[PDB]
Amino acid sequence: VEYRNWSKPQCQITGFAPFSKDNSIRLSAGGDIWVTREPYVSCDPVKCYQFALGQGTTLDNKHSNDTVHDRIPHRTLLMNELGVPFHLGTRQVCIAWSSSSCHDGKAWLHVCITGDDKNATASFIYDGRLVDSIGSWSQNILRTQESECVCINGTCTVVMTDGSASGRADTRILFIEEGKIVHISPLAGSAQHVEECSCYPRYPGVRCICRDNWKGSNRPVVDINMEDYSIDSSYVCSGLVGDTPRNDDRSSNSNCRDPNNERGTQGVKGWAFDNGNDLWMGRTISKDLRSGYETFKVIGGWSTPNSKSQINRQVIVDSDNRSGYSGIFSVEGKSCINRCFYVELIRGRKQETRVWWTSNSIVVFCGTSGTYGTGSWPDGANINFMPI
């Protein structure tokens, strides 16, 4: 069993074709399915699994009330083959209100975080045993990706952030080998707030499109040199911009260098990836709410500032439906390494208040160089059929 060194061309995609959907909320109205959020998917060298931080409970359970809160000690990381809902027989792989998992080619690494917000711990579980651990360094909610990390030749990288959301914070880059933290590089380059990175390999390095929760609606980038642990940060060039809230295509800017200062603050976990001077990217269709989800390429979006020439658009979830977080995931082909993405379809609380709980389902699409049609694949549950 060799290690994943991911040495292969990124496949030249033509768009995304539907891959999987789990129908959790729909199934939750007549079945014992966990309450989750902040989901993601990642595959070992043979198959894909789906993760999500449950809420230590089930939907049709009085305990689901007030599940809007992100961090309680009962959130553990769930893991099932892709396509199988989070039913009672699901393995809570670790305790965590934050996470990242990846397979170096020989085993699974899971970085789980629970604890006081002011003093939390991150355990590094690999191959079943707990190899290392680390503690909060800024005393203000130690956080990580909420999606897969990446390993090249045995050394995995996962970024983490401790500090203020709506403010300045401390972002670091962990290089771990076999569960053991072997180097921590801090953030460098022009980025002003790195949160929830969506990372993918670009041999010999790792690239991430993160979330600026402070001053940018445009997305930061993080370049990790695997060879020496050096790091560089920037922003996307596309004036198209992919964060919510955002300004709006016409009055939207990005110089790839600094936060755009347009509706900047908050955001949502999202992704994007390069292809030449181009960018493949997805965002909610709504710029105020996390509603609907669309994808499209942007000619120039990578290398040329404020470019807004978009082509190959696609709606994954129509605007009249709720979406949420989104990340990317890579998958090795016989000839190239293809990129895919998942979309969190959050329901219930804060927004919908008929019910007192909050959960979600997922939808995943994968890059294809084939052909495809049109559609819309939302959660699908009728809130008036749902418990509570």
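So that there is no doubt, residue numbering starts at 1 and follows the sequence shown.
- Here the stretch with the larger average CA B-factor, out of 176 to 184 and 74 to 82, is 176 to 184.
- Between the stretches 97 to 105 and 162 to 170, it is 162 to 170 that shows the larger average CA temperature factor.
- Comparing the listed residues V363, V355, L53, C336, the entry records the largest Cα B-factor for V355.
- In this structure the maximum Cα B-factor among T265, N218, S234, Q145 is found at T265.
- For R207, the recorded CA temperature factor ranks within the middle third of the chain's modelled residues.
- The deposited CA B-factor of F16 belongs to the highest third of values across its chain.
- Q351 sits in the highest third of its chain by CA B factor, as recorded in the PDB entry.
- Among all modelled residues in its chain, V131 ranks in the middle third by Cα B-factor.
- Among the modelled residues of its chain, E196 has a C-alpha B-factor that falls in the lowest third, as given in the PDB entry.
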